[PDB]
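Here's the structure we're looking at; comments come further down.
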Amino acid sequence: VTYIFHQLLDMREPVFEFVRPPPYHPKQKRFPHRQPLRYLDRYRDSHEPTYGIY
Amino acid sequence: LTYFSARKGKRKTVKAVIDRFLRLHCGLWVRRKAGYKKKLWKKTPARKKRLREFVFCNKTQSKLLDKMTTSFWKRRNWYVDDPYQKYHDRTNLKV
Amino acid sequence: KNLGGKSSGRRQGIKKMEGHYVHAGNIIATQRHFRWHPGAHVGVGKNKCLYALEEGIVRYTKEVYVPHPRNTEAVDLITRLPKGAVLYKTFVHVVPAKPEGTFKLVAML
Amino acid sequence: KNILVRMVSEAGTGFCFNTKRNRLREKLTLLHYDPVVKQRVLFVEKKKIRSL
Amino acid sequence: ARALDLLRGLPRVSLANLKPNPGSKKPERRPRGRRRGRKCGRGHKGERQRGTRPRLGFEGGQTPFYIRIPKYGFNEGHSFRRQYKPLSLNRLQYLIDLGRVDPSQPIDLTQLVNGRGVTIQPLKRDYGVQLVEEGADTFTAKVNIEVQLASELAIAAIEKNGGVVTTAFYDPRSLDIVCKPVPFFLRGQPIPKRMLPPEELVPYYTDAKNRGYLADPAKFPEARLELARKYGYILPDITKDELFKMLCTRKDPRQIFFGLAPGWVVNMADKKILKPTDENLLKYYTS
Amino acid sequence: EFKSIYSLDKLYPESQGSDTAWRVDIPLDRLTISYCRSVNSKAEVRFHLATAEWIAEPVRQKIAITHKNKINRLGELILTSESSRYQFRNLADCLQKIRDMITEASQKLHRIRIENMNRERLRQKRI
RNA sequence: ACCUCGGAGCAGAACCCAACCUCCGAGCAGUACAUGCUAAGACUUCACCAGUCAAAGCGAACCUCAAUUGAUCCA
Ligand SMILES: [Mg+2]
Ligand SMILES: [Mg+2]
Ligand SMILES: [Mg+2]
């Protein structure tokens, strides 16, 4: 099918991927009472040390 | 607590509070669960997994712990290889 | 001479009535004996509590009860019935809302 | 009637876990799971902790 | 402004015209009258009206929240942990662009304090600055920094652009003299010698991978070459350009300031430096 | 200047020259390095696999076969990284992917196994 | 006579509901030794503390009972 798209149709082949919907998390609270400490990681998006104004 | 000491006239921290809790700079107090090292032979592993967790505190528990410590304990701390350092700033709240 | 009996209410019953949107893992209803049975996309805990296995809408139906053949209590309750007699129970279903993912274009190689 | 004993792993050692067993029956040997070896390994009971 | 032109037509501002900005002064509430005081806000007679409510944390007799909970060492050795103020490369590019830190000189910790780029306080046990990889892309500066800790990616971002990083050590005493040097030269003491790291930190500052100031200058080209291979930049040789004599200068260990030596007494007043010539002092200061 | 006991001329006396601290496989002029701040960035190294002189010919065949799903229409091996906010760390991730491909090339499946075996059981049909 | 925990009635149908109110009980036993490790989402005894349920995952196979219990400090 690589041969079909490139050779005789003369176009780049399209490649698809089965994308699942993003996981539901509830609305983040100020005081996440009794949740574990992992709760703050459900709501972050970078796994790298941010340093702020410094 | 002591609101005005007799030597300095300053507030004092309650040292029980420091000995048990962890203040994150955003205002969240982290604690350990009560009984996490008691009678483990009669607890189901789900429950033991629940007790070995670092659990956040309530709003009023948080304000009670703020009033019982002083501004030294509320301060930015740039430690070297701090385990809790990624949990100080609060990411991505929409209030 | 009547000591005891000071236990409080268990706060059981239905948490998600019919029509309610439900995310995966929400407890639908906690019971003490099987008042409601798990139907489609509904799981059961050790405490006979019905939770949800998909995101969707809770529906309650009435279905034919046919127990597992290794369940000698209910199976012995079957064989005592007359020839037309069919047991029903009320079941809880979660009708799943979303598709479980889409195909999306990634790259024009 | 029962005893809470500790079970010491024979390999991947330093790993214990506690069990119940009767006062009267023999000293337990089990096949528990070591997460240090990450295998199932024989454990042998070494000390009774508390007679529950 | 139309507003001074308003001030023409108005009577003169005096001590009889002045008035606080409305909103500044909330009015004092005091317990007199029908509303502010009959019970005066204490309620009915109990223990909270009498004035004797128990201490903060007392839950009336059940074991309090802040005591039902196991002691765990979150804060166990808090005042002996070392702290390092972050200085991002975004921040340092920002200081170089606005003239506050001159990159044609060595950037010691005094130059980051005098440009007011970084505020470090030696009490509260900051042991100095750590470089931080934030802003590594879009960091375009040839610089010579002496920073007490540095991540690999920050060393890579400096050494890409033709820079030099080294990681020095400072005692609390030494760091305190480094940050604010002028209130030390009014103290009258001779310049001390900075101490070597403790045993926890000697394996840090003797490694060439993190550019230790006690490491070999014979293992550095291997480490510079390794980062240049890892992060995909061709390693420029610092030897060619004209700033090389500037980009080579380090102060040795046991030297706090740059051009000075331990044991000297800076006389700020008549602008002299008194140097000792006794042999015992020279054995002690050049140790 | 000032030199104490712990100067680097005394701790390491074998390396005493000033030039000793500064005297010095994939070539980067060959690769095409492109960026897109798609939150992470996204580095993208592409290079034409056929013309790559700095990879051996059998290793170019093993790469041309195993990683054929990365190869462009124009014969360019294209490989990206969006694992970091810093484009140094994404570029390093891409180059490490390349070095991993050359080292591995020099020296769910189950369902497809069964569906192929049954497809060969229906292939049992001759003229 | 009692003091804690659970079941039933009161309290008929979501939840909750007292009494020196009416009746039963509990303070274990048995089996297993992956009764491993992790983790979305929830319930919750009207607070807190405690309690419960749990998909996916890694690793493996191919728990019953209602209650069946005890914080912190200290050892
Ligand atoms: Mg009752
Ligand atoms: Mg009650
Ligand atoms: Mg509640």
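The chains in the structure tokens are called A, B, ... from first to last as shown; in each chain the residues are counted from 1, and the ligands are counted from 1 in the order shown.
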
(request) Within 12 Å of ligand 3, which residues show up when you count only C-alpha atoms (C1' of nucleotides) and all ligand atoms? List them as a ChimeraX atom specification, please. (result) /C:9-11 /G:15-16,43-48,51

For N, CA, C and O atoms (P, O5', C5', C4', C3', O3' and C1' of nucleotides), I'd like the residues from the last selection saved as a PDB file, in the first residue's frame.
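File produced: again.pdb:
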```pdb
ATOM      1  N   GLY C   9     -27.159   5.177  60.877  1.00  0.00           N
ATOM      2  CA  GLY C   9     -27.557   4.831  59.524  1.00  0.00           C
ATOM      3  C   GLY C   9     -26.350   4.674  58.605  1.00  0.00           C
ATOM      4  O   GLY C   9     -25.407   5.461  58.666  1.00  0.00           O
ATOM      5  N   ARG C  10     -26.422   3.677  57.721  1.00  0.00           N
ATOM      6  CA  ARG C  10     -25.315   3.342  56.843  1.00  0.00           C
ATOM      7  C   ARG C  10     -25.184   4.350  55.699  1.00  0.00           C
ATOM      8  O   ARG C  10     -24.176   4.341  55.004  1.00  0.00           O
ATOM      9  N   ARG C  11     -26.226   5.164  55.452  1.00  0.00           N
ATOM     10  CA  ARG C  11     -26.256   6.142  54.368  1.00  0.00           C
ATOM     11  C   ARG C  11     -26.179   5.464  53.002  1.00  0.00           C
ATOM     12  O   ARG C  11     -25.657   6.037  52.047  1.00  0.00           O
TER      13      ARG C  11
ATOM     14  P     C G  15     -33.498   5.205  52.094  1.00  0.00           P
ATOM     15  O5'   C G  15     -32.464   6.284  52.665  1.00  0.00           O
ATOM     16  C5'   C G  15     -31.104   6.254  52.183  1.00  0.00           C
ATOM     17  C4'   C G  15     -30.373   7.470  52.684  1.00  0.00           C
ATOM     18  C3'   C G  15     -30.504   7.764  54.181  1.00  0.00           C
ATOM     19  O3'   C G  15     -29.611   6.998  54.959  1.00  0.00           O
ATOM     20  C1'   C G  15     -30.898   9.736  52.966  1.00  0.00           C
ATOM     21  P     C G  16     -30.139   6.337  56.316  1.00  0.00           P
ATOM     22  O5'   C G  16     -30.142   7.571  57.331  1.00  0.00           O
ATOM     23  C5'   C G  16     -28.945   8.358  57.507  1.00  0.00           C
ATOM     24  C4'   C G  16     -29.312   9.648  58.181  1.00  0.00           C
ATOM     25  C3'   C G  16     -30.065   9.526  59.507  1.00  0.00           C
ATOM     26  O3'   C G  16     -29.194   9.272  60.582  1.00  0.00           O
ATOM     27  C1'   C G  16     -31.084  11.173  58.167  1.00  0.00           C
ATOM     28  P     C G  43     -19.084  10.948  45.734  1.00  0.00           P
ATOM     29  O5'   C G  43     -19.707   9.974  46.838  1.00  0.00           O
ATOM     30  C5'   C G  43     -20.554   8.899  46.384  1.00  0.00           C
ATOM     31  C4'   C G  43     -20.502   7.751  47.355  1.00  0.00           C
ATOM     32  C3'   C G  43     -20.652   8.106  48.834  1.00  0.00           C
ATOM     33  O3'   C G  43     -21.996   8.282  49.198  1.00  0.00           O
ATOM     34  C1'   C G  43     -18.913   6.556  48.567  1.00  0.00           C
ATOM     35  P     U G  44     -22.369   9.516  50.139  1.00  0.00           P
ATOM     36  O5'   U G  44     -21.556   9.168  51.467  1.00  0.00           O
ATOM     37  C5'   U G  44     -22.085   8.179  52.370  1.00  0.00           C
ATOM     38  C4'   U G  44     -21.076   7.909  53.455  1.00  0.00           C
ATOM     39  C3'   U G  44     -20.714   9.046  54.418  1.00  0.00           C
ATOM     40  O3'   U G  44     -21.687   9.395  55.391  1.00  0.00           O
ATOM     41  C1'   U G  44     -18.751   7.991  53.682  1.00  0.00           C
ATOM     42  P     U G  45     -21.679  10.922  55.914  1.00  0.00           P
ATOM     43  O5'   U G  45     -22.329  10.819  57.366  1.00  0.00           O
ATOM     44  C5'   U G  45     -21.485  10.181  58.334  1.00  0.00           C
ATOM     45  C4'   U G  45     -22.323   9.498  59.380  1.00  0.00           C
ATOM     46  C3'   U G  45     -21.608   9.205  60.703  1.00  0.00           C
ATOM     47  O3'   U G  45     -22.561   9.201  61.746  1.00  0.00           O
ATOM     48  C1'   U G  45     -22.322   7.203  59.788  1.00  0.00           C
ATOM     49  P     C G  46     -22.423  10.186  63.003  1.00  0.00           P
ATOM     50  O5'   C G  46     -23.421  11.362  62.596  1.00  0.00           O
ATOM     51  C5'   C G  46     -22.879  12.657  62.268  1.00  0.00           C
ATOM     52  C4'   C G  46     -22.919  12.834  60.776  1.00  0.00           C
ATOM     53  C3'   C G  46     -22.246  14.113  60.274  1.00  0.00           C
ATOM     54  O3'   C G  46     -21.508  13.765  59.125  1.00  0.00           O
ATOM     55  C1'   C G  46     -24.472  14.036  59.514  1.00  0.00           C
ATOM     56  P     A G  47     -19.924  13.548  59.208  1.00  0.00           P
ATOM     57  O5'   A G  47     -19.368  14.932  59.773  1.00  0.00           O
ATOM     58  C5'   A G  47     -19.438  16.068  58.892  1.00  0.00           C
ATOM     59  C4'   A G  47     -18.472  17.112  59.373  1.00  0.00           C
ATOM     60  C3'   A G  47     -17.006  16.699  59.388  1.00  0.00           C
ATOM     61  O3'   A G  47     -16.456  16.931  58.118  1.00  0.00           O
ATOM     62  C1'   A G  47     -17.565  17.749  61.432  1.00  0.00           C
ATOM     63  P     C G  48     -15.338  15.936  57.563  1.00  0.00           P
ATOM     64  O5'   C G  48     -14.218  15.967  58.690  1.00  0.00           O
ATOM     65  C5'   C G  48     -13.199  16.973  58.633  1.00  0.00           C
ATOM     66  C4'   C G  48     -12.380  16.843  59.883  1.00  0.00           C
ATOM     67  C3'   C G  48     -11.561  15.568  59.989  1.00  0.00           C
ATOM     68  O3'   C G  48     -10.384  15.675  59.235  1.00  0.00           O
ATOM     69  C1'   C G  48     -12.627  15.995  62.041  1.00  0.00           C
ATOM     70  P     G G  51      -8.413   3.624  58.927  1.00  0.00           P
ATOM     71  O5'   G G  51      -9.621   2.591  58.814  1.00  0.00           O
ATOM     72  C5'   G G  51     -10.531   2.915  57.791  1.00  0.00           C
ATOM     73  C4'   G G  51     -11.948   2.693  58.221  1.00  0.00           C
ATOM     74  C3'   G G  51     -12.728   2.050  57.074  1.00  0.00           C
ATOM     75  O3'   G G  51     -12.714   0.652  57.252  1.00  0.00           O
ATOM     76  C1'   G G  51     -13.703   4.133  57.604  1.00  0.00           C
TER      77        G G  51
END
```

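Selecting all polymer residues at most 7 Å from ligand 2, using only C-alpha atoms (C1' of nucleotides) and all ligand atoms, gives residues 6, 7 and 8 of chain C.
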
(message) Could you list, as a PyMOL selection string, all residues that come within 12 Å of ligand 1? Count only C-alpha atoms (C1' of nucleotides) and all ligand atoms.
(response) (chain C and resi 3-10) or (chain G and resi 6-11+17-18+21-24+45)

(request) If you run DSSP over the backbone, which residues in chain D end up strand (DSSP E)? Put them as a PyMOL selection string. (result) chain D and resi 2-9+16-22+29-34+39-50

Could the residues in this selection be written to a file with C-alpha atoms, as a PDB file, in the first residue's frame?
```pdb
ATOM      1  CA  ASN D   2      -3.591 -18.606  67.165  1.00  0.00           C
ATOM      2  CA  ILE D   3      -0.125 -17.065  67.001  1.00  0.00           C
ATOM      3  CA  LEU D   4       1.209 -14.184  64.903  1.00  0.00           C
ATOM      4  CA  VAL D   5       4.634 -15.329  63.672  1.00  0.00           C
ATOM      5  CA  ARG D   6       7.131 -13.705  61.348  1.00  0.00           C
ATOM      6  CA  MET D   7       8.226 -15.420  58.156  1.00  0.00           C
ATOM      7  CA  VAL D   8      11.778 -14.836  56.988  1.00  0.00           C
ATOM      8  CA  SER D   9      12.655 -15.293  53.331  1.00  0.00           C
ATOM      9  CA  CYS D  16       9.826 -10.851  56.427  1.00  0.00           C
ATOM     10  CA  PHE D  17       6.073 -10.964  56.555  1.00  0.00           C
ATOM     11  CA  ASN D  18       3.744 -11.928  59.388  1.00  0.00           C
ATOM     12  CA  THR D  19       1.142 -14.708  59.423  1.00  0.00           C
ATOM     13  CA  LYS D  20      -1.301 -16.417  61.735  1.00  0.00           C
ATOM     14  CA  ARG D  21      -0.957 -20.105  62.536  1.00  0.00           C
ATOM     15  CA  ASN D  22      -2.301 -22.379  65.290  1.00  0.00           C
ATOM     16  CA  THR D  29       7.294 -23.040  55.602  1.00  0.00           C
ATOM     17  CA  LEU D  30       5.542 -21.250  52.763  1.00  0.00           C
ATOM     18  CA  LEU D  31       6.048 -20.110  49.210  1.00  0.00           C
ATOM     19  CA  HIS D  32       5.533 -16.393  49.497  1.00  0.00           C
ATOM     20  CA  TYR D  33       6.650 -13.774  46.991  1.00  0.00           C
ATOM     21  CA  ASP D  34       9.881 -11.836  47.412  1.00  0.00           C
ATOM     22  CA  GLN D  39       9.993 -14.444  42.595  1.00  0.00           C
ATOM     23  CA  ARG D  40       8.103 -16.915  44.738  1.00  0.00           C
ATOM     24  CA  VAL D  41      10.514 -18.193  47.371  1.00  0.00           C
ATOM     25  CA  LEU D  42      10.218 -20.467  50.409  1.00  0.00           C
ATOM     26  CA  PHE D  43       9.913 -18.574  53.678  1.00  0.00           C
ATOM     27  CA  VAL D  44      10.594 -20.181  57.046  1.00  0.00           C
ATOM     28  CA  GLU D  45       9.074 -18.915  60.263  1.00  0.00           C
ATOM     29  CA  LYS D  46      11.674 -17.775  62.770  1.00  0.00           C
ATOM     30  CA  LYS D  47       9.943 -16.127  65.725  1.00  0.00           C
ATOM     31  CA  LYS D  48       6.470 -15.934  67.203  1.00  0.00           C
ATOM     32  CA  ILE D  49       5.622 -12.249  67.499  1.00  0.00           C
ATOM     33  CA  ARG D  50       2.421 -12.250  69.518  1.00  0.00           C
TER      34      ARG D  50
END
```

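With atom CA of residue 140 of chain E on one side and atom CA of residue 86 of chain F on the other, the separation reads 15.0 Å.
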
Write out as a CSV table (one decimal) with N, CA and C atoms, in the first residue's frame the residues lying within 8 Å of segment 6-15 of chain A, counting only C-alpha atoms (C1' of nucleotides) and excluding same-chain residues fewer than 6 positions away.
```csv
chain,number,residue,atom,x,y,z
C,105,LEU,N,-5.7,11.7,11.5
C,105,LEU,CA,-4.5,11.8,10.6
C,105,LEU,C,-3.3,12.3,11.4
C,106,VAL,N,-2.2,11.7,11.2
C,106,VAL,CA,-1.0,11.9,12.0
C,106,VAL,C,0.1,12.5,11.2
C,107,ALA,N,0.4,11.9,10.0
C,107,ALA,CA,1.4,12.4,9.2
C,107,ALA,C,1.2,12.0,7.7
C,108,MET,N,1.5,12.9,6.8
C,108,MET,CA,1.5,12.5,5.4
C,108,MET,C,3.0,12.1,5.1
C,109,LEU,N,3.3,10.8,5.2
C,109,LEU,CA,4.6,10.3,4.9
C,109,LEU,C,4.8,10.4,3.4
F,73,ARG,N,8.7,9.9,1.6
F,73,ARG,CA,8.6,9.6,0.1
F,73,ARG,C,9.9,9.8,-0.5
```

(message) Taking the DSSP secondary structure from the backbone, can you list the residues of chain C that are helix (DSSP H, G or I), as a ChimeraX atom specification?
(response) /C:72-78

Kindly export the residues of the current selection with C-alpha atoms, as a compact mmCIF listing (two decimals), in the first residue's frame.
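Written out: result_28.txt:
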```txt
# COMPACT_ATOMS: atom_id res chain seq x y z
CA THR C 72 -26.49 -23.75 44.35
CA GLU C 73 -28.70 -21.46 46.47
CA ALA C 74 -30.38 -19.65 43.58
CA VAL C 75 -30.20 -22.73 41.35
CA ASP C 76 -32.02 -24.79 43.96
CA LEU C 77 -34.51 -21.90 44.15
CA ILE C 78 -35.01 -22.23 40.38
```

Residues at most 9 Å from residue 173 of chain E, counting only C-alpha atoms (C1' of nucleotides), excluding those fewer than 2 positions away in the same chain, as a PDB file with N, CA and C atoms, in the first residue's frame?
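Just written: selection.pdb:
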```pdb
ATOM      1  N   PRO E 122      22.704  34.700  53.535  1.00  0.00           N
ATOM      2  CA  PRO E 122      23.503  33.619  54.107  1.00  0.00           C
ATOM      3  C   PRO E 122      22.950  33.047  55.403  1.00  0.00           C
ATOM      4  N   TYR E 170      31.287  28.058  48.794  1.00  0.00           N
ATOM      5  CA  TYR E 170      31.470  29.082  49.798  1.00  0.00           C
ATOM      6  C   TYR E 170      30.916  28.628  51.138  1.00  0.00           C
ATOM      7  N   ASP E 171      31.712  28.813  52.189  1.00  0.00           N
ATOM      8  CA  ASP E 171      31.234  28.731  53.554  1.00  0.00           C
ATOM      9  C   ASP E 171      30.158  29.771  53.780  1.00  0.00           C
ATOM     10  N   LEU E 175      30.568  33.136  52.014  1.00  0.00           N
ATOM     11  CA  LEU E 175      29.448  33.542  51.172  1.00  0.00           C
ATOM     12  C   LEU E 175      28.931  34.895  51.651  1.00  0.00           C
ATOM     13  N   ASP E 176      28.905  35.071  52.974  1.00  0.00           N
ATOM     14  CA  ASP E 176      28.419  36.297  53.567  1.00  0.00           C
ATOM     15  C   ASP E 176      29.359  37.455  53.239  1.00  0.00           C
ATOM     16  N   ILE E 177      30.659  37.191  53.146  1.00  0.00           N
ATOM     17  CA  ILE E 177      31.585  38.246  52.785  1.00  0.00           C
ATOM     18  C   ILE E 177      31.506  38.502  51.288  1.00  0.00           C
ATOM     19  N   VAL E 178      31.165  37.479  50.511  1.00  0.00           N
ATOM     20  CA  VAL E 178      31.116  37.626  49.071  1.00  0.00           C
ATOM     21  C   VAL E 178      29.937  38.497  48.661  1.00  0.00           C
ATOM     22  N   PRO E 192      39.501  36.565  55.168  1.00  0.00           N
ATOM     23  CA  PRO E 192      39.783  35.189  55.544  1.00  0.00           C
ATOM     24  C   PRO E 192      39.949  34.322  54.309  1.00  0.00           C
ATOM     25  N   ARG E 194      38.601  31.005  52.262  1.00  0.00           N
ATOM     26  CA  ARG E 194      37.367  30.248  52.224  1.00  0.00           C
ATOM     27  C   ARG E 194      37.694  28.776  52.409  1.00  0.00           C
TER      28      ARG E 194
END
```

(message) Using only C-alpha atoms (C1' of nucleotides) and a cut-off of 10 Å, which residues of chain G sit close to chain E? Please list them as a PyMOL selection string.
(response) chain G and resi 48-49+71-73

Pull N, CA and C atoms (P, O5', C5', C4', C3', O3' and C1' of nucleotides) from the residues just selected and write them as a PDB file, in the first residue's frame.
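Saved result, out33.pdb, follows:
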```
ATOM      1  P     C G  48     -15.338  15.936  57.563  1.00  0.00           P
ATOM      2  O5'   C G  48     -14.218  15.967  58.690  1.00  0.00           O
ATOM      3  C5'   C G  48     -13.199  16.973  58.633  1.00  0.00           C
ATOM      4  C4'   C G  48     -12.380  16.843  59.883  1.00  0.00           C
ATOM      5  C3'   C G  48     -11.561  15.568  59.989  1.00  0.00           C
ATOM      6  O3'   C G  48     -10.384  15.675  59.235  1.00  0.00           O
ATOM      7  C1'   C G  48     -12.627  15.995  62.041  1.00  0.00           C
ATOM      8  P     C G  49      -9.924  14.379  58.431  1.00  0.00           P
ATOM      9  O5'   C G  49      -9.585  13.350  59.590  1.00  0.00           O
ATOM     10  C5'   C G  49      -8.459  13.590  60.449  1.00  0.00           C
ATOM     11  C4'   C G  49      -8.542  12.599  61.578  1.00  0.00           C
ATOM     12  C3'   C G  49      -8.530  11.137  61.153  1.00  0.00           C
ATOM     13  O3'   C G  49      -7.214  10.775  60.847  1.00  0.00           O
ATOM     14  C1'   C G  49     -10.146  11.449  62.823  1.00  0.00           C
ATOM     15  P     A G  71      -4.616   2.554  67.909  1.00  0.00           P
ATOM     16  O5'   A G  71      -4.367   4.084  67.524  1.00  0.00           O
ATOM     17  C5'   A G  71      -4.891   4.589  66.277  1.00  0.00           C
ATOM     18  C4'   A G  71      -4.945   6.089  66.364  1.00  0.00           C
ATOM     19  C3'   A G  71      -3.661   6.735  66.864  1.00  0.00           C
ATOM     20  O3'   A G  71      -2.770   7.011  65.810  1.00  0.00           O
ATOM     21  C1'   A G  71      -5.458   7.543  68.138  1.00  0.00           C
ATOM     22  P     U G  72      -1.244   6.570  65.974  1.00  0.00           P
ATOM     23  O5'   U G  72      -0.466   7.812  66.609  1.00  0.00           O
ATOM     24  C5'   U G  72      -0.876   9.130  66.247  1.00  0.00           C
ATOM     25  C4'   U G  72      -0.609  10.036  67.414  1.00  0.00           C
ATOM     26  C3'   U G  72       0.709   9.809  68.151  1.00  0.00           C
ATOM     27  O3'   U G  72       1.834  10.287  67.455  1.00  0.00           O
ATOM     28  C1'   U G  72      -0.985  10.165  69.715  1.00  0.00           C
ATOM     29  P     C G  73       3.144   9.370  67.439  1.00  0.00           P
ATOM     30  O5'   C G  73       3.763   9.654  68.874  1.00  0.00           O
ATOM     31  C5'   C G  73       4.030  11.018  69.238  1.00  0.00           C
ATOM     32  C4'   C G  73       4.140  11.094  70.735  1.00  0.00           C
ATOM     33  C3'   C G  73       5.251  10.248  71.354  1.00  0.00           C
ATOM     34  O3'   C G  73       6.467  10.953  71.242  1.00  0.00           O
ATOM     35  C1'   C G  73       3.254   9.958  72.579  1.00  0.00           C
TER      36        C G  73
END
```

(message) Please identify all residues of chain C having at least one atom at most 12 Å from any atom of chain G, considering only C-alpha atoms (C1' of nucleotides), and return them as a ChimeraX atom specification.
(response) /C:1-17,22-33,41-55

Got time to write the residues from that selection, C-alpha atoms, as a short mmCIF file (atom, residue, chain, number, x, y, z; two decimals), in the first residue's frame?
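Generated output (again.cif):
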```cif
data_model
loop_
_atom_site.label_atom_id
_atom_site.label_comp_id
_atom_site.auth_asym_id
_atom_site.auth_seq_id
_atom_site.Cartn_x
_atom_site.Cartn_y
_atom_site.Cartn_z
CA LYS C 1 -32.40 -4.77 79.75
CA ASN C 2 -32.08 -3.76 76.10
CA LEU C 3 -28.48 -2.77 75.52
CA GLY C 4 -27.02 -2.17 72.07
CA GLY C 5 -28.95 -0.94 69.04
CA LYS C 6 -27.17 2.43 69.01
CA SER C 7 -25.71 1.97 65.52
CA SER C 8 -26.19 4.84 63.07
CA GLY C 9 -27.56 4.83 59.52
CA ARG C 10 -25.31 3.34 56.84
CA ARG C 11 -26.26 6.14 54.37
CA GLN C 12 -26.75 3.54 51.64
CA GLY C 13 -29.14 3.60 48.69
CA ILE C 14 -28.87 5.03 45.20
CA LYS C 15 -26.24 7.64 44.49
CA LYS C 16 -27.00 8.06 40.77
CA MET C 17 -30.68 7.94 39.83
CA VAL C 22 -21.78 9.05 35.23
CA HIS C 23 -18.00 8.94 34.83
CA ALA C 24 -15.98 5.75 35.02
CA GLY C 25 -15.65 4.42 38.53
CA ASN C 26 -18.51 6.38 40.14
CA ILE C 27 -20.40 4.41 42.71
CA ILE C 28 -23.94 4.05 41.42
CA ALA C 29 -25.53 2.56 44.52
CA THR C 30 -24.43 0.87 47.73
CA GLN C 31 -26.67 -1.85 49.07
CA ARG C 32 -26.55 -4.32 51.96
CA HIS C 33 -28.28 -7.15 50.11
CA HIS C 41 -21.11 -1.75 32.15
CA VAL C 42 -21.69 -1.88 35.91
CA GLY C 43 -19.33 -3.61 38.32
CA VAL C 44 -19.70 -4.96 41.83
CA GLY C 45 -17.40 -4.58 44.82
CA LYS C 46 -16.87 -6.89 47.76
CA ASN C 47 -19.46 -4.78 49.63
CA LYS C 48 -22.12 -5.47 46.98
CA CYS C 49 -21.75 -1.86 45.82
CA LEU C 50 -22.52 -1.06 42.21
CA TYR C 51 -20.03 1.16 40.48
CA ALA C 52 -19.68 2.23 36.87
CA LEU C 53 -17.27 0.85 34.30
CA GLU C 54 -17.85 3.30 31.44
CA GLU C 55 -18.89 6.93 31.12
#
```

Close residues, segment 90-93 of chain B itself excluded, 10 Å, only C-alpha atoms (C1' of nucleotides), min 5 positions apart in chain, as an mmCIF file with N, CA and C atoms, in the first residue's frame:
```
data_model
loop_
_atom_site.group_PDB
_atom_site.id
_atom_site.type_symbol
_atom_site.label_atom_id
_atom_site.label_comp_id
_atom_site.auth_asym_id
_atom_site.auth_seq_id
_atom_site.Cartn_x
_atom_site.Cartn_y
_atom_site.Cartn_z
ATOM 1 N N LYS A 27 -12.981 18.968 38.731
ATOM 2 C CA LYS A 27 -12.456 20.316 38.796
ATOM 3 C C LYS A 27 -11.494 20.391 39.973
ATOM 4 N N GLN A 28 -10.335 21.010 39.753
ATOM 5 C CA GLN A 28 -9.314 21.071 40.778
ATOM 6 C C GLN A 28 -9.789 21.970 41.915
ATOM 7 N N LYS A 29 -9.542 21.538 43.149
ATOM 8 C CA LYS A 29 -9.955 22.286 44.322
ATOM 9 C C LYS A 29 -8.765 23.042 44.906
ATOM 10 N N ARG A 30 -9.035 24.053 45.721
ATOM 11 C CA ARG A 30 -7.991 24.674 46.502
ATOM 12 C C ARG A 30 -7.478 23.752 47.587
ATOM 13 N N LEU A 40 -1.798 16.611 42.813
ATOM 14 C CA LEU A 40 -1.310 17.804 42.163
ATOM 15 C C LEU A 40 -0.722 17.476 40.801
ATOM 16 N N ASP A 41 -0.467 16.196 40.531
ATOM 17 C CA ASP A 41 0.117 15.788 39.265
ATOM 18 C C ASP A 41 -0.941 15.457 38.221
ATOM 19 N N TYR A 43 -3.159 17.464 37.473
ATOM 20 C CA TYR A 43 -3.547 18.747 36.936
ATOM 21 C C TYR A 43 -2.357 19.520 36.410
ATOM 22 N N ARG A 44 -1.169 18.922 36.421
ATOM 23 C CA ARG A 44 -0.065 19.592 35.767
ATOM 24 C C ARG A 44 0.161 18.987 34.393
ATOM 25 N N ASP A 45 0.984 19.680 33.607
ATOM 26 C CA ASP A 45 1.117 19.388 32.190
ATOM 27 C C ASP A 45 2.581 19.263 31.780
ATOM 28 N N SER A 46 3.494 19.827 32.578
ATOM 29 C CA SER A 46 4.919 19.643 32.364
ATOM 30 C C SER A 46 5.501 18.861 33.532
ATOM 31 N N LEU B 24 3.334 23.185 52.353
ATOM 32 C CA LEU B 24 3.732 23.554 51.007
ATOM 33 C C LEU B 24 3.468 25.042 50.806
ATOM 34 N N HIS B 25 4.321 25.699 50.013
ATOM 35 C CA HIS B 25 4.326 27.150 49.883
ATOM 36 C C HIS B 25 3.001 27.689 49.348
ATOM 37 N N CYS B 26 2.253 26.887 48.589
ATOM 38 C CA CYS B 26 0.963 27.355 48.117
ATOM 39 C C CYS B 26 -0.070 27.419 49.241
ATOM 40 N N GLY B 27 0.180 26.783 50.391
ATOM 41 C CA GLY B 27 -0.764 26.895 51.494
ATOM 42 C C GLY B 27 -1.351 25.556 51.936
ATOM 43 N N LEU B 28 -0.970 24.483 51.238
ATOM 44 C CA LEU B 28 -1.479 23.163 51.537
ATOM 45 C C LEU B 28 -0.613 22.519 52.601
#
```

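The two atoms in question, atom CA of residue 106 of chain F and atom CA of residue 234 of chain E, are spaced 26.0 Å apart.
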